[PDB]
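Quick setup: one chain, the form deposited in one PDB entry, written in structure tokens, and binding and motion questions come after.
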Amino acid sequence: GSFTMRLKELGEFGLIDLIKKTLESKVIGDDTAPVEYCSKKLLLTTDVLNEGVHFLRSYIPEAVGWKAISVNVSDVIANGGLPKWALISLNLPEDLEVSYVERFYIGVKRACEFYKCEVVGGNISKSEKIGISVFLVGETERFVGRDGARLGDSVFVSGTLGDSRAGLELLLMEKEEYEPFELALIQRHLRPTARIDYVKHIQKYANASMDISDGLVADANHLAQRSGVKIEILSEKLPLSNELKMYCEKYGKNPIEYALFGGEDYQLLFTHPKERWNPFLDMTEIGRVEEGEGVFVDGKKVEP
């Protein structure tokens, strides 16, 4: 060999840190990048779906299109904004079926119609495997990032956590037949829906907000860090779906571990005083913001 520092040694976030320093950037750090424009703040963000990593060519295309758009809107919603325009960059092999690309865009069209945004352009490049890069532009009257959490705030999450991971694992079992609750979980993993119904709430009362893409514990660490505060979470407060409970029962798994470390749930994690709570939304208080460092669960500390 020869020896020279490689990316695998720096870590995804150490690399981002370096990119930030080199660029001498100030906006880099949240789910979206807020820019000043016409008294409002436009929100720019991007996410990727790669074959062999986020999906397989065997997955139903329309669902992949839906997910592509959903995942980006999720970031925009999390920062208190509404999706407006999007571009889709595609890396495609010449052997892929035309109908695959067409069905994918039908799903894209469906999601855009649902979140009320629109794909206005994109790109095409030939490659080995399929690569999907989505760029989304949203807008808000008030940008809500990850460093505004206040001491005393309560910690909330939307819907249930852990579903996506169980669904993924079920997909991996490649079973010949799944029970209904299994199909529900699988569906939650394959076709997530961005919590666009929280936009007004987030844009109005949240001090800090972000979507949960990598898992509660891991994403809360990012939040606690930018806010320069501590966060106490209580296991028995974590919202668990019935299907998740049914899955853990059947496969001898612990529901709590899935709620804490399961990823790609695309729910929200935000903080504010308990009084701002809106019971019309399926939000659940799961912790609080104290002074200090790190993320704690039932008194014990844990990290990524």
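Under this definition, the rigid core comprises the largest set of C-alpha atoms superposing within 1.5 Å between the forms. Only residues modelled in both forms are compared. Numbers follow the displayed sequence, beginning with 1.
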Given 193-201 and 221-229, the range whose Cα B-factors average higher in the PDB entry: 221-229
Residue range whose averaged C-alpha B-factor is higher in the record, 34-42 or 53-61: 34-42
Top Cα B factor in the deposited entry, candidates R103, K126, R110, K84: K126
Identity of residue with top Cα B-factor, from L185, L161, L136, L151: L151
CA B-factor ranking of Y266, expressed as a third of its chain: lowest
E174 - which third its CA temperature factor falls in, relative to the rest of the chain: highest
Ranked against its chain, the third holding the CA B-factor of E97: middle
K67 by Cα B-factor - lowest, middle or highest third of the modelled chain: lowest
For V119, the third of its chain into which the C-alpha B factor falls: middle
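The next section is about a form of this same protein that is not shown, the form deposited in another entry.
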Rigid-core frame, C-alpha of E285, shift of 2 angstroms or more between the shown form and the other one: no
Core-superposed comparison between the shown form and the other one, runs of at least 3 residues with CA shifts of 2 Å or more: 5-28, 30-36
